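# first portion of the complex, with coordinates as positioned in the assembly:
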Amino acid sequence: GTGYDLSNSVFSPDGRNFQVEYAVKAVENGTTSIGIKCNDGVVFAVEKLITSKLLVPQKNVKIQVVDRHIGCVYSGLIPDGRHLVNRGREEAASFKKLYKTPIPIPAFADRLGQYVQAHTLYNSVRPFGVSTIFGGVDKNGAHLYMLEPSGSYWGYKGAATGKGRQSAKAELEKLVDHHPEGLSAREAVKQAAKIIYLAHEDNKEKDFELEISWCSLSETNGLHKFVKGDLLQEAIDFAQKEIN
């Protein structure tokens, strides 16, 4: 459908906002990132493609923390994701200043959804070219959400985005089938690494670095922390072992 896709706020005769649909095409080109909701927290994993050996390992972090209990991972236009996360940090700080409590994840997800959606209202602005998997632990459990360029978001047992989303979603579905009682935080980290490695088979042309993050009540006391050192290497070893 041409003619109606040159502007951001225009409905096509079918009611479809094409520019937002084109923004989704930007997301589908990004590196695959997933989020797994465990029985007491959430786990985030992102594939970081190694463009060249000259990138210093472990410095180009792509998972972001908001306040202290929300972690955000996104795929698509990385600058757009940072713009969205910068707003979330402002929204989270504003909520804490006025209400004194850390912003609830369902409340935070709405704050971001209103912002992302507001970018589809006017033709003087462009839609976000990122789908953001975000979540954390709040007063009433763990929450995992996923935004879209249109501003739509839902709660997920496990979310996947980026180029390997179709591959990753297959293994996320297997996790919920095999573990309906709830997956443990430590096992979720190992499974998160395995899913990213499997999803990378859609990007075999280039090497990648796995980055994991997670926020569990029992293990981080409800705060968002990165996987590093021994725990990261066990996940990498497990992911390679299953691949081999």
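Happy to help now that I have it. Numbering: from 1, shown residues only, chains lettered A, B, ... in the order given.
# now the strands for chain A?
Remark: strands assigned in chain A by DSSP state E are A:33-38, A:41-50, A:64-66, A:70-76, A:130-138, A:141-147, A:153-155, A:158-161, A:207-216, A:225-226.
# next one: stretch A:188-206 to chain centre, how far?
Centroid separation for stretch A:188-206 versus its chain: 15 Å, with C-alpha atoms, centre = their mean, to the nearest Å.
# ok, residues contacting that stretch?
Around stretch A:188-206, the neighbours that count as contacts under C-beta atoms under 8 Å, 6 or more residues apart in numbering are A:31-32, A:34, A:36, A:38, A:41, A:43-47, A:49-51, A:160, A:162-165, A:167-168, A:171-172, A:175, A:183, A:208, A:210, A:212, A:214, A:227, A:231, A:234-236, A:238-240, A:242-243. The C-beta positions use only the backbone N, C-alpha and C, and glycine is treated the same way.
# how about 6 Å then?
With contact meaning C-beta atoms under 6 Å, 6 or more residues apart in numbering, stretch A:188-206 is reached by A:32, A:34, A:36, A:38, A:43, A:45, A:47, A:49, A:163-164, A:167-168, A:171, A:175, A:208, A:210, A:212, A:227, A:235, A:238-239, A:242-243.
# report the buried residues of that stretch.
A:188-200, A:202-203 (16 or more other C-beta atoms under 10 Å).
# residue A:82: which of the residues you listed is nearest?
Closest approach to residue A:82 among these (C-beta to C-beta): residue A:196, at 20.9 Å.
# on that earlier part again, closest to residue A:218 out of the buried residues of stretch A:188-206?
residue A:188 (12.1 Å).
# that closest one and residue A:29, how far apart?
For residue A:188, the distance to residue A:29 equals 27 Å [C-beta to C-beta, to the nearest Å].
# of all the residues in stretch A:69-86, which ones are buried?
A:69-77, A:80-81, A:84-85.
# while you're at it, add chain B from this line:
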Amino acid sequence: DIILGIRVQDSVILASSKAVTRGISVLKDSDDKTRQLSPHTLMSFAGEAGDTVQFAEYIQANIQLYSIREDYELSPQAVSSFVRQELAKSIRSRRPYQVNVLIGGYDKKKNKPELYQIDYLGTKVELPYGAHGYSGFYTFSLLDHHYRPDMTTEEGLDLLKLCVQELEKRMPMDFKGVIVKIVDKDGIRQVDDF
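Alright, chain B goes in next:
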């Protein structure tokens, strides 16, 4: 601080003191406290140190801008109405203009002199003879006694001599004489032998 004005049959005579005093001493004794708003309109002013000249020169620019714009000289009534409005606007502004003015002019269309007294509040009143501040305390008794509408310019000047002499005699301050200007059908001129 002396500002006097007397309207006679054919002209308006405005007299204003020459002294300028700043605190302890007299800086100048030849100051002209008047501005020619139009070829036939003259404005005498008195008040606070800086407000008098800033206001007078600001008014003169607008009257000059009107004259050039319409190629027409505002009547003294219109000029006084314009001047009163600015004083009325300022009296209730951030920094009011504490300026008292006399506007003497010759209306070339009615062929009659006109004298208007406006104080810093914006109280415009047309008088046969006017004065601002305490200068009217000493002079009104003489003007009420001797003034007649049909005086000639020479009789009007003779009457100002009496008014100025009384101010010299009884007023404590030394105002260093007066500069006298006459607004007539021929324009504005200054009397030098006064």
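# revisit the contacts of stretch A:188-206 given that chain B is now included?
Here stretch A:188-206 makes contact (C-beta atoms under 6 Å, 6 or more residues apart in numbering or on different chains) with A:32, A:34, A:36, A:38, A:43, A:45, A:47, A:49, A:163-164, A:167-168, A:171, A:175, A:208, A:210, A:212, A:227, A:235, A:238-239, A:242-243.
# so where's the longest strand in chain B?
Chain B, longest strand under DSSP E: strand B:99-107.
# parallel or antiparallel, list what pairs with it.
According to DSSP bridges, strand B:99-107 forms sheet pairs with strand B:41-47 (antiparallel), strand B:112-118 (antiparallel).
# what residues of the last one count as buried?
Buried residues in strand B:112-118, defined by neighbour count with 16 or more other C-beta atoms under 10 Å in any protein chain shown: B:113-118.
# with stretch B:118-130 instead?
B:118-120, B:122, B:124, B:127-130.
# same check, this time on stretch B:50-66
Taking 16+ other C-beta under 10 Å as the criterion, stretch B:50-66 shows B:51-52, B:55-56, B:59-60, B:63, B:66 as buried.
# same thing with stretch A:130-149?
Quick answer for stretch A:130-149 (16+ other C-beta under 10 Å): A:130-138, A:142-149.
# for the chain, which helix extends over the most residues?
The chain I'm using is chain A. The residue-count maximum for a helix in chain A (DSSP state H) belongs to helix A:78-99.
# could you do chain B instead?
Assigned via DSSP H, chain B shows its longest helix as helix B:51-70.
# what about the helices in chain B?
Remark: helices assigned in chain B by DSSP H are B:51-70, B:76-91, B:135-146, B:153-170.
# to residue B:24, which of those helices lies closest?
helix B:51-70 (20.4 Å).
# what's the angle between that closest one and strand B:41-47?
Here helix B:51-70 runs at 160 degrees with respect to strand B:41-47, directions being taken by axes from the mean of the first three to the mean of the last three C-alpha atoms, to 10 degrees.
# which other helices and strands contact helix B:51-70?
Where contact means 3 or more C-beta pairs under 6 Å, 6 or more residues apart in numbering or on different chains; DSSP states H and E, helix B:51-70 is packed against strand B:34-38, strand B:99-107.
# also, this goes in as chain C:
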Amino acid sequence: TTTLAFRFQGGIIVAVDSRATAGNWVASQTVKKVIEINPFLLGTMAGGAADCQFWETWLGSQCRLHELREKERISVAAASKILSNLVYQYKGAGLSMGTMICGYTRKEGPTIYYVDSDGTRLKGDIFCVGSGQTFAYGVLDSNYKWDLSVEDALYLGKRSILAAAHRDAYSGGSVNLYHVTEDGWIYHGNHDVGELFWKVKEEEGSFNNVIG
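Below is chain C, added to the chains above:
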């Protein structure tokens, strides 16, 4: 403070003292109370030292911009009105200023414009400002003439400040003489009031009430 500027056949003579006091404590003895706005315009400090120095330094830039645009030297009347208008904008905000904008121009001749913090702007032949102004007037009003020679005019300005320095507690230090001519102002040196008083006393016989 004591600053004077008077007009005469040879131009303008600007004489100022150099004492700055913080109460009765004499903070400085060698304050420069004349701002050299341009090679052709001279300022003068009285009252607010910072207000005079800052705005007359700023005024020099405005005069320079007029030079660049109009390609002609700004008149003293315009220079004093630029300062007078600005000083009026801040009226009531706390500015303190009494200054003479001395300059000599072809179309206008020697010109002194007295500008103060009230927004006043007066053209005159003789002006004195500061605490000791009444003493400077006394000497000037009696000995001032239009036909003064440059040598006699310089002495009269030097003598007028000496009289104010002697009698005024807040005036003294030294006398700074400036002479404004057709080709700019000329600095005629700094004369110490302490040394000048004894020199003047012997040559004139004046100050007979002072032993020495």
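# and the buried residues of stretch B:50-66, now that chain C is in?
Across stretch B:50-66, burial judged by 16+ other C-beta under 10 Å covers B:50-56, B:59-60, B:63, B:66.
# please apply the same query to stretch A:222-233.
A:222-224, A:226-227, A:231-232.
# how about stretch B:155-165?
Of all the residues in stretch B:155-165, those buried under the rule 16+ other C-beta under 10 Å are B:155-157, B:159-160, B:163-164.
# same for whatever helix or strand residue C:190 lives in, what does it pack against?
Per DSSP states H and E: residue C:190 is located in strand C:184-192. Packing partners of strand C:184-192 (3+ C-beta pairs under 6 Å, 6+ apart): strand C:174-181.
# quick one, the strand it packs on and strand C:184-192 angle?
Interaxial angle of strand C:174-181 relative to strand C:184-192 (the same axes, to 10 degrees): 160 degrees.
# all strands for chain C, in order.
So, for chain C - with DSSP E - the strands run C:2-8, C:11-16, C:20-22, C:25-28, C:41-42, C:98-105, C:109-116, C:121-123, C:126-130, C:174-181, C:184-192.
# rewinding a little: just the CA trace of the longest helix of chain B, in PDB.
Output in PDB follows, covering the C-alpha atoms of helix B:51-70 (Å, rounded to 0.1, in the frame of the first residue of the first chain):
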ATOM      1  CA  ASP B  51      11.800  61.600  34.700                       C
ATOM      2  CA  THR B  52      11.100  65.100  33.500                       C
ATOM      3  CA  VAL B  53      13.500  65.000  30.500                       C
ATOM      4  CA  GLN B  54      13.100  61.300  29.600                       C
ATOM      5  CA  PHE B  55       9.300  61.700  29.500                       C
ATOM      6  CA  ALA B  56       9.400  65.000  27.700                       C
ATOM      7  CA  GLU B  57      11.700  63.700  25.000                       C
ATOM      8  CA  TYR B  58       9.700  60.500  24.700                       C
ATOM      9  CA  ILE B  59       6.500  62.500  24.200                       C
ATOM     10  CA  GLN B  60       8.200  64.800  21.700                       C
ATOM     11  CA  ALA B  61       9.200  61.800  19.500                       C
ATOM     12  CA  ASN B  62       5.600  60.500  19.300                       C
ATOM     13  CA  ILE B  63       4.200  63.900  18.400                       C
ATOM     14  CA  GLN B  64       6.900  64.300  15.800                       C
ATOM     15  CA  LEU B  65       6.200  60.800  14.500                       C
ATOM     16  CA  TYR B  66       2.500  61.600  14.200                       C
ATOM     17  CA  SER B  67       3.300  64.800  12.400                       C
ATOM     18  CA  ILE B  68       5.500  63.200   9.800                       C
ATOM     19  CA  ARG B  69       3.200  60.200   9.400                       C
ATOM     20  CA  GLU B  70       0.000  62.200   8.600                       C
END
